[PDB]
Number of protein chains: 8
Amino acid sequence: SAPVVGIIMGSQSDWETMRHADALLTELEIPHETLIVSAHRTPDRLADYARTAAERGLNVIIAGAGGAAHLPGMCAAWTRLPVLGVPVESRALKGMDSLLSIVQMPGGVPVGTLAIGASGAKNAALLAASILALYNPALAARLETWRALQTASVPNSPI
Amino acid sequence: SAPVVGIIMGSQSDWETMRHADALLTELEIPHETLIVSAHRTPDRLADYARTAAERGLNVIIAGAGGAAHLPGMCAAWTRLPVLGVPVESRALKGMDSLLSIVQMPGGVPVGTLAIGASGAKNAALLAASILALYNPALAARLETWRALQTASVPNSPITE
Amino acid sequence: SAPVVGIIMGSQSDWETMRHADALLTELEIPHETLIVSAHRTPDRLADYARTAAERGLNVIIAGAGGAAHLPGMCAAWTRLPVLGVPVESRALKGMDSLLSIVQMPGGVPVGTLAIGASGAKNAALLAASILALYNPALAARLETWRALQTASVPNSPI
Amino acid sequence: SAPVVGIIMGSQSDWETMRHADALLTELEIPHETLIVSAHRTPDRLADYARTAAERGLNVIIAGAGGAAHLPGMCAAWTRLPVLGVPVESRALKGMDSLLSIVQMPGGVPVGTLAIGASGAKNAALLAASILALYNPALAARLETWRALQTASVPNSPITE
Amino acid sequence: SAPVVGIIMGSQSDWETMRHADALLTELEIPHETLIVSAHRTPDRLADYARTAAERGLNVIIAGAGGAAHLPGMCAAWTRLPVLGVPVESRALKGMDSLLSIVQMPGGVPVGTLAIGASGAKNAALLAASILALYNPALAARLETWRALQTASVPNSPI
Amino acid sequence: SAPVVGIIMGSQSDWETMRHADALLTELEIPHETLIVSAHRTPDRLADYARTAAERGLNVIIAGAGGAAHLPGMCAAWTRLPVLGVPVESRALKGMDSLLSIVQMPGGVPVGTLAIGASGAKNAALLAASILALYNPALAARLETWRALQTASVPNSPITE
Amino acid sequence: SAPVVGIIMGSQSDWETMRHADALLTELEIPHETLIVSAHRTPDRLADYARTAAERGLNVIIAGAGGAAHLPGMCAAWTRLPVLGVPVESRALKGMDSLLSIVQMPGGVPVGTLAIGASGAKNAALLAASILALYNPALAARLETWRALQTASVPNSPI
Amino acid sequence: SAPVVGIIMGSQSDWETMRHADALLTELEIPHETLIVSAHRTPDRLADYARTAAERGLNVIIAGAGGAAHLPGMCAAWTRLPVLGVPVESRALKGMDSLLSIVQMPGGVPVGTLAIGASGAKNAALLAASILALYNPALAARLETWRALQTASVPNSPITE
């Protein structure tokens, strides 16, 4: 029941994208919390969140942000937990700024980065699931089923 | 002694970059194997490697490749294990082709991507470590100590010559 | 009657683009098959498809995909047949990711890459036709007629 | 002895890159000619070359150029033969201008484009070979052997020094 | 009455953009011809057009094309006349391909390149006008008036 | 003697670039401090530095970082003072990642960004100077003289060898 | 009452973006002027504006422009005052041209550059406010309140 | 002896690139002047230069600059004469900032832009020559001869070593 995955985003505007991560986790029945934490507007909230993540039982953190996206990186700076970053598509630069701002982390503080947009949010949840599956037999079976269904469901020819 | 992390790369040329992941896993005392698997030259070897990774005891796979870098993505297509990708810097496009070829995975098959080059290789090992640390108290302690030292080792001012 | 060209795409979403390749081949009366084969979701389906392409009589394979587009490259990895790649336009990066993921193949395994989008799908079919025309006199004549009509039909001034 | 593949480039400076296509065709025993044809400096030479390629017995044309690379595209405009383009790496933009100038052909006139630089030149020859192999059993056998060797020649692990 | 400026574009699709060049020339009463000449689809038409431009009385050629834009460059290859290139905005890459394909001409064969899109078409006409103005006193006065009106008409504050 | 401008950078490697800001502030006689503050390795040090900057008497902060450059932005998140950011040139992407990571701040938390590299570092110091000059007549006079000299020092023609 | 901040833009088309800077300054009760000054169409107007800015009492200049954006740079060339540049989003290149044209100023003449678009216009106003706050106690308090409200208003979870 | 073409650049560092335009104009016997005019450091010098260019007898202006290259555009804002711009290659962004800063002029004030670097400088001179040739039969003849020689000087095949 207690969340093992924390999904955080810089603002309501990121929800359209991050909701895909939320749906995936719920789908696979992975207890998680979905919150808004702004690196730029609520820096202390971020520090406290990341710093106490481990103590609270969280195992993985999924963070999404766009533009000069610092949320994932700074979160990773305050936690020993794996941090997965989702580059939210920005209006002007289409998430290229979001991508470089998140993926180009200097050695020492990692952020496992996913694709720009919805695909990245969904994949961050799947990656978080594959991580949790390493020590959760039941979830591992559900993930196997999920991947198996994805594969089996692909049509043989276009409509 | 059994490897829990697999480091794979498309060729010997990728070693200059991937050696950084290898060194860090060793530093943190994480058993691992290092192999060359070419997505384009040995596609069947890749299929078999990724398909059997879980049963062989591997928990995480770190894959590096440059240019049209398909090694990480295709590995992830065959394994349920988390796959971390390292974009190897390419000559002409400086790893931008490597980066986009790895990070832009469509929804459904993830690849946790790290920075272009050496920094990415090191961080891939560190991310793999933080993943394994979730269920290995001893490692969690070594990682905590490693991160704590990194923080304490940062100088307060630059050597202004 | 048996297909000599195989058009494959990663998903239904690629059809809007790849249909242009299908139309062109049909137009020139080139027997072909149009299928969905996902490099990421159906890797074994891809391996089997590419590996047996030659045996089945296929002469050229046209593969389309977007984002981290691996379909053309991996297909080329399992076949000695010419593989033509079509970069499908992606939402965020407009097919720049698709393009680099397909064209930047390391030496040893080629993929003849065409333009991003519809133009690329149409040109992949035309390129496949020019290849088949080298050993098919009748088709060669039809291709000549096609190119001749394209040239002759260009208006002299805009409307 | 009659050439079945034509390798053309805009200038001597392109040879450092295009020599890789030449060497591979020779390796696979594919008769070919290597010439310099400048789309901008010798437009009429280009027109004549492309226009008569088919009647001269050529089956495939490999064209290389950098910067505002128009050689492949314009060649394709004059021949019904398949034209493969090699983006030669440029100084400032690292072949990105070369790449876009070649691959982005509007629908109606194709150019099978390969990677920027040496890898693209080699692959252009290999693609040309796979095209010719469709109707040349002997060549098909040599190509199969070449690809098989490439696969078997890949090391299983890197030389970790 | 005889055209002194030739506006050429690869296809009808370029008209939306090139019409701005046509309007400007007409505005300044510069005799010109507006035609469709495809470098890829009508290469011989292009060769003949460019090769005979000077003989026909043309002084400047304005050429527009998108994607792998070769029209301006090839036109410049067959004429000693100044060739101005207009990068037409392409669907996927927004004219970045058009721009690089036109501006990056190797030394020896120039193409004076303008901005991507409508602005470039309009500026190509203005640049052509400034060239013609060097030997046409009347036109020079009209261009001066045009530039003077542009400057004087700029508002002092936004609405 | 009390510093009114703070120059901070993520590591010693940034000094080669940031030294230009330091030298210019000294040239204009602007008291300042130069420190290393890592946004990723010493996040708490950054929080404290930025939070207390105003009370410590600082008026402007010049922050430099490369790659995923978060130092300027995060500093601005904790201080009401104007923060100027210098994109340090990165190896692979030539500072483009540094630039976008700094300049693209969402509305609400600004960072006055300067050019990639040395020019940006120098201009950050000059911008800081023009800010301080608004309420320091003496400095305003030195800046005016500096700008006037720059203008008068420009040669009228190049040395054509 | 006399303006201490000058907001200038190249044309009416920039207003959609620059209005955000105007709103912010008004919000914080910072006396300012909002004008249209074109670097390319009204160069002398720009020279005079920038050259006399200081004398007129202006403390900071916020300049916005798109495409080959020269307004901020040239303004900075004629004034000792701090110049903040706002890259207006351009149609084709989405403000990447605007950004590079403004931020890449050579050493000697600075331009504090903000994000492309609305965010940049808003941040330029905030940056100008943080500068003025250094010598205006009352404004400093209002800015503190503004930043405090921004931080406190961020929701804890998405809707 | 009176100059009909003016070559201007922002600094001595631009000369390495702009010298190519100078040499070509001399080769074609086109009288010209070469000066340094900084758009940012000597804005008033630029205003005066561009404003009086026409009355001084200049017919074409070739302007080169790198980075945030505003010299060509601002020159065009003050003169009715055609202005040709040469993007000087920049260190970090390889002239891409130079290119966009010059070519992307909004409708109303043109700048005929050439390629990044030396090739652009040479072509700017050649374009200027083709402009002047429209009303100078002697020059038109020299240009025709120059272009004809360029075409005839292209080798038929590469020196394959």
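1. Quick notes on the relation of the copies chain C and chain E
1) Next: By a simple turn and slide, chain C fits onto chain E: the slide is 0.0 Å along the axis, the RMSD is 0.0 Å, and the turn is 90°. Put plainly, the chains are arranged around a four-fold axis.

2. Regarding the pattern of salt bridges
1) Next: Taken as a whole and assessed by the stated rule, the structure comprises 40 salt bridges over all chains.
2) Next: Two residues, F:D44 and A:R51, come together in a salt bridge whose shortest N-O distance is 2.5 Å. Of this pair, F:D44 sits in helix 2 (residues 43-52) while A:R51 is found in helix 2 (residues 43-52), placing the two residues in two different chains.
3) Next: Of the residues examined, A:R51 reaches a relative accessible area of 36% and is grouped as partly exposed.
4) Next: Between F:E89 and H:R91 there is a salt bridge, with the nearest N and O atoms lying 2.3 Å from each other. Note that F:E89 is positioned in the loop between strand 4 (83-88) and helix 4 (96-103) and H:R91 in the loop between strand 4 (83-88) and helix 4 (96-103), a pairing that runs across two chains.
5) Next: The partly exposed category is assigned to F:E89, whose relative accessible area is 29%.

3. Let's talk about the UniProt feature "binding site: substrate" (unreviewed entry) in chain B
1) Next: Under the local residue numbering, the UniProt record ascribes the feature "binding site: substrate" (unreviewed entry) to B:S11, B:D14 and B:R41.
2) Next: Positionally, B:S11 belongs in the loop between strand 1 (5-9) and helix 1 (15-27).
3) Next: Of the residues examined, B:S11 reaches a relative accessible area of 26% and is grouped as partly exposed.
4) Next: Under the relative-accessibility criterion, B:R41 is labelled partly exposed at 30%.
5) Next: Those residues in contact with B:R41 that lie beyond four places of it in its chain are C:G107, D:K122, D:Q150, D:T151 and D:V154.

4. A look at the interface of chain C and chain E
1) Next: Listed as interface residues are 13 residues of chain C and, on the opposing side, 12 residues of chain E.
2) Next: Of all residues in chain C, C:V154, C:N156 and C:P158 bury the most surface against chain E, accounting for 39% of the area lost on that side.
3) Next: Run the count over chain C and chain E and you get one salt bridge.
4) Next: For the salt bridge of E:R91 with C:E89, the shortest nitrogen-to-oxygen distance reads 2.7 Å.
5) Next: Where chain C packs against chain E, one counts six residue pairs in polar contact.
6) Next: The class makeup of the residues in the side of chain C that touches chain E is six nonpolar, four polar and three charged.

5. Details of the UniProt feature "binding site: substrate" (unreviewed entry) in chain A
1) Next: The feature "binding site: substrate" (unreviewed entry), as annotated in UniProt, sits at A:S11, A:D14 and A:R41 in this numbering. In summary, the annotated positions, though distributed over 31 residues, converge in three dimensions, the widest C-alpha pair being only 14.4 Å.
2) Next: Following the sequence through the fold, A:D14 ends up in the loop between strand 1 (5-9) and helix 1 (15-27).
3) Next: Look past the residues within four positions of A:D14 in its chain and what remains in contact with it is A:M9, A:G64, A:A65, A:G66 and A:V88.
4) Next: One polar contact links the side chain of A:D14 to the main-chain amide nitrogen of A:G10, over a distance of 3.0 Å.
5) Next: Along the polypeptide, A:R41 turns up in the loop between strand 2 (32-36) and helix 2.
6) Next: Setting aside anything within four residues of it in sequence, one finds A:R41 in contact with F:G107, G:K122, G:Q150, G:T151 and G:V154.

6. Some words on the UniProt feature "domain: PurE" (unreviewed entry) in chain A
1) Next: UniProt annotation of "domain: PurE" (unreviewed entry) refers to residues 3-154 of chain A when read in the numbering used here.
2) Next: Within the segment residues 3-154 of chain A, helix and strand shares are 47% and 16% respectively, and the terminal C-alpha atoms sit 32 Å apart.

7. Some remarks on the arrangement of the chains
1) Next: The closest approach of any C-alpha atom in chain C to one in chain F is 16 Å; the two make no contact.
2) Next: No part of chain A reaches chain H; the closest C-alpha pair between them is 16 Å apart.

Conventions adopted
- Residues numbered from 1 in each chain as written, not as in the entry; some residues may be left out.
- Chains lettered and ligands numbered in written order.
- Heavy atoms only, no water.
- Least-squares fit on C-alpha atoms.
- Salt bridge = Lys/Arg side-chain N within 4 Å of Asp/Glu carboxyl O.
- Helix = DSSP H or I, 4+ residues; strand = E, 2+ residues; numbered from the N terminus.
- Buried < 20%, exposed > 50% of the residue type's maximum accessible area, 1.4 Å probe, protein only.
- UniProt positions renumbered as here; feature names shortened; annotations may be inferred.
- Contact = heavy atoms within 4.5 Å.
- Buried area = accessible area lost by both parts, 1.4 Å probe.
- Polar contact = N/O pair within 3.5 Å; in protein donor to acceptor, adjacent residues only side chain to side chain.
- Nonpolar A, V, L, I, M, F, W, Y, C, P; charged D, E, K, R; others polar.

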